[PDB]
Amino acid sequence: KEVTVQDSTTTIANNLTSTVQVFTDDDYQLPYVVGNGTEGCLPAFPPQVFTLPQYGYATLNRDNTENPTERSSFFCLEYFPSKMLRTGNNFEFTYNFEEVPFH
Amino acid sequence: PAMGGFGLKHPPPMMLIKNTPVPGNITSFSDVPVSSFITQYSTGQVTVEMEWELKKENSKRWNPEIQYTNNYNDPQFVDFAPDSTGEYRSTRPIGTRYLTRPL
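Residues numbered from 1 in each chain as written, not as in the entry; some residues may be left out. Chains lettered and ligands numbered in written order. Part of a larger assembly, values for the part shown. Heavy atoms only, no water.

In the PDB header, cryo-EM is given as the technique by which the entry was determined, and 2.55 Å as its resolution.

So, in structure tokens, the structure goes:
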């Protein structure tokens, strides 16, 4: 959807030719922020509609201050390959869990 | 192990070498063992061949990393080389960790 404002009107319209980009981090190259008890998971009640969380990370900091170190790292998401989708298109993924003990 | 390295149940084995006793002139019989021997020493060459398995880096870090380099200001000698008398010089200790990975 495209949002336009003229003189405070705020009209909203469909854009047919616009794309969305999707990828999975299979080799664990990126920092993994999923297992730290944070908000933004799919909702408990099926009818509820949800906003996706924004991705971010912390690298190294120098002497307990806001400044970086030479070891500190920058990662670009656009460096990885991604699927491009228009309104007609769909994406699918499959995973197998490793052997683990029963709870 | 605390010093560092690989802990092995079955380590590469102990290799032992000795010079065989060669006796000095004996002209009479005794039950008591001989204590007189000719003085001797040995010399030779030894070769050791070792095979190592390597694990490759698979990093997605955009920015440049830290590396070990030969870097000296106004040097009066070359490090890791012989001097004018022929004695080897090794000024710096070298570790293995220069590459970086996310947790």
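So, next bit.
K.L.:
Please provide a residue-by-residue account of unusual backbone geometry, values included.
P.N.:
Positive phi outside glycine occurs at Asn 64 of chain A, with the angle close to 60 degrees. Residue placement: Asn 64 of chain A occurs in the loop between β3 (20–22) and β4 (83–85). The backbone phi angle of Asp 74 of chain B is positive, close to 55 degrees, even though this residue is not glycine. (Helix = DSSP H or I, 4+ residues; strand = E, 2+ residues; numbered from the N terminus.)

K.L.:
Would you mind going over a nonpolar patch on the surface in detail, with residue names and values included?
P.N.:
Residues and elements named next belong to chain A. A grouping of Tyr 28, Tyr 32, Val 34, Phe 91, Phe 93, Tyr 95 and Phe 97 is seen on the molecular surface, where their side chains present a nonpolar patch of about 920 Å² in accessible area. Relative to the helices and strands, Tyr 28 resides in the loop between β3 and β4. Accessibility expressed as a relative area gives 56% for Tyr 28, which makes it exposed. (Patch = residues over 30% accessible without salt bridge, like charges linked within 9 Å, V, L, I, M, F, W, Y side chains within 5 Å. Areas by Shrake-Rupley, 256 points an atom, 1.4 Å probe, with all protein chains shown as cover. Salt bridge = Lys/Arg side-chain N within 4 Å of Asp/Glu carboxyl O. Buried < 20%, exposed > 50% of the residue type's maximum accessible area, 1.4 Å probe, protein only.)

K.L.:
Mind laying out the environment of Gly 56 of chain A, listing which residues take part and the relevant values?
P.N.:
Residues and elements named next belong to chain A. With respect to the helices, strands and loops of the structure, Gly 56 is situated in the loop between β3 and β4. According to the relative accessible area criterion, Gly 56 is partly exposed, its value standing at 42%. C-alpha of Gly 56 to C-alpha of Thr 38: the two residues are 18 residues apart in sequence and 12 Å apart in space.

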